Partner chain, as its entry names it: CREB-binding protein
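Quick heads-up: it's one chain on its own, the form deposited without the partner chain, in structure tokens.
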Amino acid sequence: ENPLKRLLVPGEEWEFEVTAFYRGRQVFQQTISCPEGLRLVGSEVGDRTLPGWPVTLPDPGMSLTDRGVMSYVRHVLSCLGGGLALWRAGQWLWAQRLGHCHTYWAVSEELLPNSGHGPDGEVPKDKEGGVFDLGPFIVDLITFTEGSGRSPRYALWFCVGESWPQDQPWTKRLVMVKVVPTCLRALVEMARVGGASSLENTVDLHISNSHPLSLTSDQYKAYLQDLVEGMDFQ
């Protein structure tokens, strides 16, 4: 049996590492494991009955140093309302806006949101929107194990309350939020150190009900191909 299929079984929960940045400064980090996904809110007030795990972004500061911009940050957090919903349905991650803050997203690197390609689009409000497809990710991951392509991107960056910072430093934006499906961080890491020969390495898939995985490089590449053949493609 393929242990990597555990990611795509219904009822299983991925871990989402949420990291928030106010003006190029990390202010918040929390890991969420919820079946109905997460929900980036700013605590006003609110509808407690809304599905998804509430992730409250912290209030900024009331400092004489940095207040001409922290009032703007607090202004954005006051308009998140229902917040930014992010959940998983099968092999897709879905994001939707429930508040009044226009939000732009992109699947980029972990230490840098804006590479140059621009945003992958804006988080929709009236409909749910696909932000990540596991299909193309595994395919690119196999090619990465096959010493050819580059490392596939898995980090979801969100630019809240402002337009996407293209050709501008991302430290200028008021509210930036990085969300990482920690299973994908592991899969990439497993392919980063594991590709030494046919030895064993250990990968924690970081998902609900799962044990560590001691696999060989060939075994890992075999499971990945078997994972692909059992997924929808476009």
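Rigid core here is just the name for the largest C-alpha set that superposes within 1.5 Å across the two forms. Positions refer to the first chain, counted from 1. Residues that one form lacks are left out of the comparison.
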Looking at the other compared entries that model residues on both sides of it, is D47 unmodelled in at least a third of them? yes
164-172 versus 37-45: which one carries the higher mean Cα B factor per the record? 37-45
Assert higher mean C-alpha B factor (140-148 or 86-94, deposited values) equals 140-148
Based on the PDB record, which member of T182, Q26, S208, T31 exhibits the highest Cα temperature factor? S208
Would you check the entry's CA temperature factor for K127 and let me know if it's in the chain's lowest, middle or highest third? highest
Quick check on the deposited entry: does the C-alpha B-factor of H100 sit in the lowest, middle or highest third of its chain? highest
Which third, lowest, middle or highest, does the C-alpha temperature factor of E12 belong to within its own chain? highest
Chain thirds of CA B-factor: placement of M190: middle
Lowest, middle or highest third - CA B-factor, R153: lowest
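The form solved in complex with the partner chain exists for this protein as well; it is not shown, and the discussion that follows is about that form.
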When the contact criterion is heavy atoms within 4.5 Å, does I142 count as touching the partner chain in the entry with it bound? yes
Indicate whether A85 is a 4.5 Å heavy atom neighbour of the partner chain in the entry with it bound. no
Any chance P58 has a heavy atom within 4.5 Å of the partner chain in the entry with it bound? no
Since only the chain is shown here, I'm wondering whether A155 would be in contact with the partner chain in the entry with it bound (any heavy atom pair within 4.5 Å). no
Out of 182-200, which residues reach within 4.5 Å of the partner chain in the entry with it bound, heavy atoms considered? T182, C183, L184, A186, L187, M190, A191, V193, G194, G195, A196
Quick check for you: superpose on the rigid core, then look between the shown form and the other one for a C-alpha move of 2 Å or more. Which of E36, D59, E189, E200 is it? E200
Would you say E12 moves between the shown form and the other one, meaning its CA shifts by 2 Å or more once the core is fitted? yes
Between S197 and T143, does the Cα distance in the entry with it bound come out closer or farther than in this form, changing by 3 Å or more? closer
Might you say whether the CA atoms of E146 and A196 end up closer or farther apart in the entry with it bound than in this form? Their distance differs by 3 Å or more. closer
Considering only residues modelled in both forms, extract each run of at least three consecutive residues whose CA displacement is 2 Å or more throughout between the shown form and the other one after core superposition, in sequence order. 7-13, 62-65, 196-208
